[PDB]
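Dropping data.txt in here (compact mmCIF, C-alpha atoms):
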```txt
# COMPACT_ATOMS: atom_id res chain seq x y z
CA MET A 1 -9.05 7.42 5.64
CA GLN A 2 -12.16 5.86 4.13
CA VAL A 3 -11.40 2.37 2.72
CA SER A 4 -13.32 -0.64 1.26
CA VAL A 5 -11.51 -3.97 0.55
CA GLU A 6 -13.13 -6.55 -1.70
CA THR A 7 -11.35 -9.90 -1.73
CA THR A 8 -10.93 -13.12 -3.74
CA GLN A 9 -10.97 -14.03 -7.47
CA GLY A 10 -8.09 -16.51 -7.64
CA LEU A 11 -5.67 -14.49 -5.45
CA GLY A 12 -6.97 -11.24 -7.07
CA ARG A 13 -8.22 -8.37 -4.88
CA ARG A 14 -9.72 -4.93 -5.51
CA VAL A 15 -9.51 -2.03 -3.04
CA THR A 16 -12.12 0.75 -3.55
CA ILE A 17 -11.20 3.98 -1.73
CA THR A 18 -12.68 7.39 -0.77
CA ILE A 19 -10.15 10.25 -0.43
CA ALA A 20 -10.95 13.32 1.84
CA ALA A 21 -10.88 16.87 0.36
CA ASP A 22 -8.84 18.85 2.91
CA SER A 23 -5.97 16.35 3.03
CA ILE A 24 -5.16 16.56 -0.69
CA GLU A 25 -5.62 20.37 -0.62
CA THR A 26 -2.53 20.41 1.59
CA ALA A 27 -0.65 18.72 -1.32
CA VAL A 28 -2.06 21.39 -3.70
CA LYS A 29 -1.13 24.24 -1.41
CA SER A 30 2.00 22.94 0.48
CA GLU A 31 3.58 20.12 -1.75
CA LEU A 32 3.10 21.82 -5.22
CA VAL A 33 4.15 25.38 -4.12
CA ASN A 34 7.06 23.94 -1.97
CA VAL A 35 8.67 21.59 -4.62
CA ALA A 36 8.16 24.26 -7.36
CA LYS A 37 9.55 27.20 -5.24
CA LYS A 38 13.06 26.03 -4.23
CA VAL A 39 14.88 23.34 -6.22
CA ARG A 40 15.71 25.63 -9.16
CA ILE A 41 12.73 27.19 -11.02
CA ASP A 42 12.88 30.21 -13.28
CA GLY A 43 12.14 33.94 -13.32
CA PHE A 44 9.91 34.19 -10.28
CA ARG A 45 10.56 37.23 -8.14
CA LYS A 46 9.41 37.16 -4.52
CA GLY A 47 6.90 34.38 -3.70
CA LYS A 48 6.23 32.29 -6.79
CA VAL A 49 3.33 33.98 -8.70
CA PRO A 50 -0.15 34.30 -7.10
CA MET A 51 -2.99 33.46 -9.55
CA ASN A 52 -3.52 37.19 -10.09
CA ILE A 53 -3.78 39.07 -13.37
CA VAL A 54 -2.19 36.72 -15.94
CA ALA A 55 -5.70 35.22 -15.83
CA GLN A 56 -7.11 31.93 -14.66
CA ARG A 57 -5.72 30.17 -17.73
CA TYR A 58 -2.99 29.04 -15.36
CA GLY A 59 -6.05 28.42 -13.20
CA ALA A 60 -7.39 25.82 -15.61
CA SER A 61 -3.98 24.33 -14.97
CA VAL A 62 -4.27 24.80 -11.14
CA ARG A 63 -7.82 23.34 -11.15
CA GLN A 64 -6.92 20.60 -13.74
CA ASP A 65 -3.45 19.68 -12.35
CA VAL A 66 -5.24 19.78 -8.95
CA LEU A 67 -7.82 17.44 -10.51
CA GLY A 68 -4.78 15.13 -11.17
CA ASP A 69 -2.92 15.89 -7.84
CA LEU A 70 -6.20 15.45 -5.91
CA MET A 71 -6.60 12.06 -7.48
CA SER A 72 -3.12 10.59 -6.54
CA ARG A 73 -2.56 11.14 -2.71
CA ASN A 74 -5.14 9.35 -0.45
CA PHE A 75 -5.22 6.15 -2.37
CA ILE A 76 -1.73 5.42 -1.13
CA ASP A 77 -2.82 6.42 2.47
CA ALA A 78 -6.09 4.35 2.21
CA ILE A 79 -4.61 0.99 1.15
CA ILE A 80 -2.40 1.34 4.23
CA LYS A 81 -5.48 1.63 6.53
CA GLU A 82 -7.30 -1.62 5.48
CA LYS A 83 -3.73 -3.09 5.22
CA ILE A 84 -2.73 -5.39 2.32
CA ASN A 85 0.27 -7.13 0.74
CA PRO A 86 2.34 -6.16 -2.41
CA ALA A 87 3.82 -8.12 -5.36
CA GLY A 88 4.99 -6.63 -8.69
CA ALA A 89 3.65 -3.63 -10.60
CA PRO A 90 0.40 -2.03 -9.23
CA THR A 91 -2.40 -0.98 -11.60
CA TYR A 92 -3.93 2.43 -10.78
CA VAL A 93 -7.63 2.46 -11.92
CA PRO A 94 -9.05 6.07 -11.68
CA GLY A 95 -12.69 7.09 -10.99
CA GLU A 96 -14.39 10.45 -11.62
CA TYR A 97 -12.79 13.38 -9.78
CA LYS A 98 -14.97 16.31 -8.64
CA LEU A 99 -13.19 19.51 -7.49
CA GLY A 100 -13.16 20.22 -3.71
CA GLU A 101 -15.03 16.94 -3.19
CA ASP A 102 -14.00 13.37 -2.30
CA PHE A 103 -12.18 11.10 -4.89
CA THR A 104 -12.51 7.31 -5.49
CA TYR A 105 -9.93 4.89 -7.07
CA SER A 106 -8.67 1.21 -7.14
CA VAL A 107 -5.61 -1.23 -7.13
CA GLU A 108 -5.49 -4.67 -8.67
CA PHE A 109 -2.37 -6.75 -7.90
CA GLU A 110 -1.13 -10.23 -6.93
CA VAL A 111 0.38 -11.37 -3.63
CA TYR A 112 3.39 -13.70 -3.02
CA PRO A 113 2.10 -17.19 -1.97
CA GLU A 114 2.22 -18.03 1.75
CA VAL A 115 0.94 -20.97 3.81
```

Before we go any further, please render this structure as structure tokens.
Amino acid sequence: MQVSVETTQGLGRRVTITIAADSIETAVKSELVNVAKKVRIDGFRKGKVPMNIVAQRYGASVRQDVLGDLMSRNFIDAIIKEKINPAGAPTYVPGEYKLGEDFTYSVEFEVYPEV
């Protein structure tokens, strides 16, 4: 992962992150498809509907939901790689997402006091 950790501002910290493209595209392909597929779902016949001839309206929803999905994943993986401490609710601060390209976003939080 590609991680930057800024530090200090009265216990405050900010972690700025750069997410790969191929890693999150597994979540789009695999994850999505998978969790959709079996669990219940509706009137899907064989597979689960390829993008096909309903149009790419559902595409706007692939590409757009993928713009949301794409966001989410690495930021969790990233904060792990420059390692840091938790304490109460995290604040997710999104950047601009560009399709098929790398994604940046941030976490502000507090830490439990230590000595």

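Atom CA of residue 14 of chain A is found 13.7 Å from atom CA of residue 80 of chain A.
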
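Nearest to residue 100 of chain A of all the residues A:37, A:45, A:63, A:83 is A:63, counting only C-alpha atoms.
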
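Atom pair atom CA of residue 61 of chain A / atom CA of residue 20 of chain A has a distance of 21.3 Å (rounded to one decimal).
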
Of the residues A:1, A:79, A:54, A:84, which is the one nearest to residue 19 of chain A, using all atoms listed in the file?
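Once distances to residue 19 of chain A are computed over all atoms listed in the file, the minimum belongs to A:1.
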
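Our summary of the geometry notes that atom CA of residue 99 of chain A is positioned 28.4 Å from atom CA of residue 39 of chain A.
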
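Residues within 10 Å of residue 88 of chain A, counting all atoms listed in the file and excluding same-chain residues fewer than 4 positions away, are residues 109, 110, 111 and 112 of chain A.
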
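When only C-alpha atoms are used to compute distances to residue 69 of chain A, the closest of the residues A:3, A:32, A:15, A:107 turns out to be A:32.
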
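Distance check against residue 24 of chain A using all atoms listed in the file: of A:53, A:5, A:41, A:66, the minimum falls on A:66.
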
Minimum-distance residue to residue 94 of chain A, chosen among A:62, A:77, A:57, A:16 (using all atoms listed in the file)
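Looking only at the distances to residue 94 of chain A, the closest residue turns out to be A:16.
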
Which residue of A:78, A:55, A:67, A:11 approaches residue 105 of chain A most closely, using only C-alpha atoms:
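Smallest distance to residue 105 of chain A is found for A:78.
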